[PDB]
Amino acid sequence: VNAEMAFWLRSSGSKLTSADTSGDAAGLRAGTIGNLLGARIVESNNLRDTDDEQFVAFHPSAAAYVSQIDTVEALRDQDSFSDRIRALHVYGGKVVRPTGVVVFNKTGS
Amino acid sequence: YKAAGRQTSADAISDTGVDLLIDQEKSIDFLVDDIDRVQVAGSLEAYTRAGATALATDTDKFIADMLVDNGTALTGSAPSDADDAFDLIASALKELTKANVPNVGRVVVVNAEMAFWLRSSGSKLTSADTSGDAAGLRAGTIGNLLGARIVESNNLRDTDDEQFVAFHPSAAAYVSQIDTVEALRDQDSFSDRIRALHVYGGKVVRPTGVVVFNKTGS
Amino acid sequence: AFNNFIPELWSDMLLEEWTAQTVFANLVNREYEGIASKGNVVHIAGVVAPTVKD
């Protein structure tokens with residue numbers, strides 16, 4: 001979930017900000033969202049939409065990613081008395097199964 | 001690196017910065033006659049405790065005003081009920097999270113008018129179902145909310161409408177450079193002179209790490 | 001009084017940027033990193049079920 005969405009799970013109307021409707025005071029005191037409906041909830045600012053609500057729901061096996069090369073290197077510049085720091089990441093990813101991923105506010109940006 | 005055709009060249013690095021000025025100088029300076037010190041019914045030492053307390057107050061008032069004036073403004077209107085007040089705190093903590101401000105060690109400082117809603121009949125804390133226990137009813141205790149520590153102060157600028165600041169400690173800096181007290185004699189009478197100097201300054205080094213409800217309130 | 005002898009001081013510590021916590025790399029399936037150490041493509045093949053006939 002994005003931050004705009006995660007606010008609703010911690011707002012005054014939330015099931016989680018009450019020791020009555022949830023099991024205990026942890027969602028009021030510590031702010032813990034926890035698991036909902038068997039799903040593990042996670043929150044991120046790296047979703048594309050930052051000012052409307054956006055989330056993705058998926059099974060891990062629906063999408064794959066691989067990191068192949070990840071390296072960092074120090075050099076001396078040829079044009080100046082400078083160090084040069086460079087790094088390379090080589091990777092790829094695929095939604096192997098597209099119906100295993102569900103997106104709310106897909107066009108959000 | 002692919003669109004470049006497997007070529008790379010080095011960019012030049014850059015920085016940003018902020019200035020913290022040490023530009024507040026505040027003093028206490030008062031006289032006590034030896035005749036008065038002998039003739040009064042008990043100790044005059046409460047006047048030196050009062051001086052230290054005045055400089056500590058003048059400091060708290062500066063830091064509170066600095067956070068209020070230079071923090072980012074939280075959007076919204078004066079809370080109409082105990083749920084609007086809870087939602088302003090939950091909304092403030094969202095605005096820190098959108099700025100990537102750390103999750104551990106957040107503080108909310110509330111004025112008395114804001115704290116009334118947290119102690120009110122509609123508050124989650126004043127019912128032993130919505131909170132886990134009777135402590136917020138019997139003892140009036142405001143614990144943590146949403147992982148944040150809640151602190152009450154009279155030294156915020158607005159005293160007749162709700163005002164608060166939510167921040168991470170590392171977002172705002174304060175230095176005391178000189179904080180000395182001395183006793184000397186007067187030249188023109190048999191009197192002590194007690195004087196104290198405080199020299200200090202502060203800055204919101206990170207503006208997005210402080211959010212302010214009712215910024216313009218006075 | 002002193003126009004020239006009072007310094008301005010620079011902190012020896014840089015403020016590191018506050019940046020978003022990265023989460024997605026640990027949530028997706030990684031099992032092909034065992035095979036994908038070598039080539040530029042992995043082919044993933046799926047069954048088509050045999051059809052039930054009347």
# chains A, B, ... in the order shown; residues from 1 in each chain; ligands from 1

call {"tool": "select_by_dssp", "arguments": {"residues": "chain B", "states": "helix (DSSP H, G or I)", "output": "MDAnalysis selection string"}}
result
chainID B and resid 34:39 46:70 82:98 112:118 124:126 135:138 169:171 207:209

call {"tool": "interface_residues", "arguments": {"of": "chain A", "to": "chain C", "cutoff": "12 Å", "atoms": "only C-alpha atoms", "output": "PyMOL selection string"}}
result
chain A and resi 1-3+40-47+56-70+90-97+100-101

call {"tool": "write_last_selection", "arguments": {"atoms": "C-alpha atoms", "output": "CSV table (one decimal), in the first residue's frame"}}
result
chain,number,residue,atom,x,y,z
A,1,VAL,CA,0.0,0.0,0.0
A,2,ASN,CA,1.0,3.7,-0.4
A,3,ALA,CA,1.0,6.2,2.4
A,40,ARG,CA,0.5,-9.7,5.0
A,41,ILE,CA,0.2,-5.9,4.6
A,42,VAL,CA,3.3,-3.9,3.6
A,43,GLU,CA,3.6,-0.1,3.1
A,44,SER,CA,5.9,1.8,0.6
A,45,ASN,CA,6.6,5.2,-0.9
A,46,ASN,CA,8.0,3.5,-4.1
A,47,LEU,CA,4.5,2.9,-5.7
A,56,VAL,CA,-1.1,-3.9,-5.3
A,57,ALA,CA,-2.3,-7.3,-4.0
A,58,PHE,CA,-0.4,-10.4,-5.2
A,59,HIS,CA,0.9,-13.8,-4.6
A,60,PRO,CA,4.8,-13.9,-4.5
A,61,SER,CA,4.9,-16.7,-7.1
A,62,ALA,CA,3.0,-14.5,-9.6
A,63,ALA,CA,6.1,-12.3,-10.3
A,64,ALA,CA,9.8,-13.1,-10.7
A,65,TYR,CA,12.9,-10.9,-10.4
A,66,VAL,CA,16.7,-11.7,-10.8
A,67,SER,CA,19.8,-9.7,-10.0
A,68,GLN,CA,22.6,-11.0,-12.2
A,69,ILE,CA,25.5,-8.5,-11.7
A,70,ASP,CA,25.8,-6.0,-8.8
A,90,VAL,CA,22.2,-5.9,-14.2
A,91,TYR,CA,18.8,-7.4,-13.5
A,92,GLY,CA,15.4,-8.3,-14.9
A,93,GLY,CA,11.8,-9.1,-13.8
A,94,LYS,CA,8.5,-10.4,-15.2
A,95,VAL,CA,4.9,-10.8,-14.0
A,96,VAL,CA,5.0,-14.6,-15.0
A,97,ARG,CA,1.2,-14.8,-14.1
A,100,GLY,CA,-1.9,-13.3,-9.7
A,101,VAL,CA,-1.5,-9.5,-9.4

call {"tool": "closest_atom_pairs", "arguments": {"of": "chain B", "to": "chain C", "cutoff": "8 Å", "atoms": "only C-alpha atoms", "output": "CSV"}}
result
residue,atom,partner,partner_atom,distance
B:99,CA,C:18,CA,7.6
B:100,CA,C:18,CA,5.5
B:101,CA,C:18,CA,6.3
B:102,CA,C:18,CA,7.9

call {"tool": "atom_distance", "arguments": {"atom1": "CA of residue 45 (chain B)", "atom2": "CA of residue 62 (chain B)"}}
result
26.6 Å

call {"tool": "interface_residues", "arguments": {"of": "chain A", "to": "chain B", "cutoff": "9 Å", "atoms": "only C-alpha atoms", "output": "ChimeraX atom specification"}}
result
/A:2-4,6-7,10-13,17-21,24-32,45,50,77,84-86,88

call {"tool": "residues_around", "arguments": {"residues": "residue 61 (chain B)", "least_positions_apart": "2", "cutoff": "8 Å", "atoms": "only C-alpha atoms", "output": "PDB file with C-alpha atoms, in the first residue's frame"}}
result
ATOM      1  CA  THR B  57      10.757  29.497  30.026  1.00  0.00           C
ATOM      2  CA  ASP B  58      12.124  32.071  27.523  1.00  0.00           C
ATOM      3  CA  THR B  59      14.084  29.193  25.910  1.00  0.00           C
ATOM      4  CA  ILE B  63      12.009  26.502  20.511  1.00  0.00           C
ATOM      5  CA  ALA B  64       8.196  26.176  20.389  1.00  0.00           C
ATOM      6  CA  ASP B  65       7.932  29.299  18.163  1.00  0.00           C
ATOM      7  CA  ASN B 155       4.542  27.303  25.663  1.00  0.00           C
ATOM      8  CA  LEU B 156       3.082  26.842  22.123  1.00  0.00           C
ATOM      9  CA  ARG B 157       1.969  30.235  20.689  1.00  0.00           C
TER      10      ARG B 157
END

call {"tool": "residues_around", "arguments": {"residues": "residue 199 (chain B)", "least_positions_apart": "2", "cutoff": "10 Å", "atoms": "only C-alpha atoms", "output": "PyMOL selection string"}}
result
chain B and resi 22-27+59+175-180+197+201

call {"tool": "write_last_selection", "arguments": {"atoms": "C-alpha atoms", "output": "PDB file, in the first residue's frame"}}
result
ATOM      1  CA  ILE B  22      23.534  31.774  17.598  1.00  0.00           C
ATOM      2  CA  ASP B  23      21.761  35.137  17.863  1.00  0.00           C
ATOM      3  CA  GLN B  24      19.504  35.092  20.994  1.00  0.00           C
ATOM      4  CA  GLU B  25      21.069  36.723  24.108  1.00  0.00           C
ATOM      5  CA  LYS B  26      18.803  36.905  27.188  1.00  0.00           C
ATOM      6  CA  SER B  27      19.585  37.997  30.765  1.00  0.00           C
ATOM      7  CA  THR B  59      14.084  29.193  25.910  1.00  0.00           C
ATOM      8  CA  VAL B 175      22.427  25.065  20.885  1.00  0.00           C
ATOM      9  CA  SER B 176      23.051  26.776  24.206  1.00  0.00           C
ATOM     10  CA  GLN B 177      26.493  28.378  23.906  1.00  0.00           C
ATOM     11  CA  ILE B 178      26.708  30.375  27.171  1.00  0.00           C
ATOM     12  CA  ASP B 179      24.577  29.705  30.255  1.00  0.00           C
ATOM     13  CA  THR B 180      26.269  31.357  33.275  1.00  0.00           C
ATOM     14  CA  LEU B 197      23.170  35.279  30.841  1.00  0.00           C
ATOM     15  CA  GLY B 201      20.139  29.586  18.833  1.00  0.00           C
TER      16      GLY B 201
END

call {"tool": "residues_around", "arguments": {"residues": "residue 153 (chain B)", "least_positions_apart": "5", "cutoff": "7 Å", "atoms": "only C-alpha atoms", "output": "number ranges by chain"}}
result
B: 109-112

call {"tool": "atom_distance", "arguments": {"atom1": "CA of residue 187 (chain B)", "atom2": "CA of residue 40 (chain B)"}}
result
22.6 Å

call {"tool": "select_by_dssp", "arguments": {"residues": "region 9-218 of chain B", "states": "strand (DSSP E)", "output": "count of residues only"}}
result
57

call {"tool": "atom_distance", "arguments": {"atom1": "CA of residue 52 (chain B)", "atom2": "CA of residue 182 (chain B)"}}
result
11.7 Å

call {"tool": "residues_around", "arguments": {"residues": "residue 9 (chain A)", "least_positions_apart": "4", "cutoff": "7 Å", "atoms": "only C-alpha atoms", "output": "PyMOL selection string"}}
result
chain A and resi 14+16+33

call {"tool": "residues_around", "arguments": {"residues": "residue 11 (chain C)", "least_positions_apart": "6", "cutoff": "12 Å", "atoms": "only C-alpha atoms", "output": "ChimeraX atom specification"}}
result
/B:17-20

call {"tool": "write_last_selection", "arguments": {"atoms": "N, CA and C atoms", "output": "CSV table (one decimal), in the first residue's frame"}}
result
chain,number,residue,atom,x,y,z
B,17,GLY,N,22.8,23.1,1.9
B,17,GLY,CA,23.1,23.4,3.3
B,17,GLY,C,22.2,24.4,3.9
B,18,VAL,N,22.2,24.5,5.2
B,18,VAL,CA,21.4,25.4,6.1
B,18,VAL,C,22.3,26.0,7.2
B,19,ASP,N,22.0,27.2,7.6
B,19,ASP,CA,22.7,27.9,8.6
B,19,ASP,C,21.9,27.9,9.9
B,20,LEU,N,22.6,27.6,11.0
B,20,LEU,CA,22.1,27.8,12.4
B,20,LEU,C,22.8,29.0,13.0
